[PDB]
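Residue-level structure breakdown
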Number of protein chains: 2
Amino acid sequence: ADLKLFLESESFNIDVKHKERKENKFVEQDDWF
Amino acid sequence: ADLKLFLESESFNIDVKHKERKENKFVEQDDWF
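The title line of the PDB record says "Model of retromer-Vps5 complex assembled on membrane".

Pasting the structure below:
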């Protein structure tokens, strides 16, 4: 939403950002990782 | 084998027992436990 406001409003991310918050095995799985 | 020797020899379990030794996924195992 910050991003909507950000891209769709110029005032920077910041004031937008206030505004928004109103303010197998276990081994086989480990393996691929 | 101890038992074979035990039942089939009187000298007790002991000397028989010398004589014999010549002397999956992580959830799944945890769930079974």
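**A look at the overall build of chain A**
Secondary structure summary: chain A contains three helices and zero strands in total. From first element to last, N terminus to C terminus, chain A shows the α and β order α-α-α. Dimensions of chain A, computed from C-alpha atoms along their principal axes, come out at roughly 50 × 20 × 10 Å. Taking all 33 residues of chain A together, 6% fall into the buried category. A total accessible area of about 3200 Å² is found for chain A, and carbon and sulfur atoms account for 60% of it. Of the charged side chains in chain A, 6 are positive and 9 negative; the average position of the first set lies 8 Å away from that of the second.

**Considering the pattern of salt bridges**
Residue and element names in this part refer to chain A. Counted according to the given criterion, the structure contains five salt bridges over all chains. One salt bridge in this structure joins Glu23 and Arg21, with 2.9 Å as the shortest N-O distance. Look at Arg21 and you get partly exposed, because its relative accessible area is 38%. A salt bridge links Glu28 to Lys25; the shortest N-O distance between them is 3.5 Å.

**Some thoughts on the side chain of B:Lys25**
If you trace the backbone, B:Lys25 turns up in the loop between α2 (13–20) and α3 (26–32). At 3.1 Å, the side chain of B:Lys25 and the backbone oxygen of A:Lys25 are in polar contact.

**Here's the deal with unusual backbone geometry**
Residue A:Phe12 is not a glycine yet carries a positive backbone phi of 90°. Tracing the backbone through its elements, the reader meets A:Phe12 in the loop between α1 (2–7) and α2 (13–20). Notably, B:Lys22 is not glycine yet its phi reads approximately 55°, a positive angle. Tracing the backbone through its elements, the reader meets B:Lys22 in the loop between α2 and α3.

Parameters and conventions
Residues numbered from 1 in each chain as written, not as in the entry; some residues may be left out. Chains lettered and ligands numbered in written order. Part of a larger assembly, values for the part shown. Heavy atoms only, no water. Helix = DSSP H or I, 4+ residues; strand = E, 2+ residues; numbered from the N terminus. Buried < 20%, exposed > 50% of the residue type's maximum accessible area, 1.4 Å probe, protein only. Areas by Shrake-Rupley, 256 points an atom, 1.4 Å probe, with all protein chains shown as cover. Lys, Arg positive; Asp, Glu negative; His and termini not counted. Charge placed at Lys NZ, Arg CZ, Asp CG, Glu CD. Salt bridge = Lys/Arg side-chain N within 4 Å of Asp/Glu carboxyl O. Polar contact = N/O pair within 3.5 Å; in protein donor to acceptor, adjacent residues only side chain to side chain.

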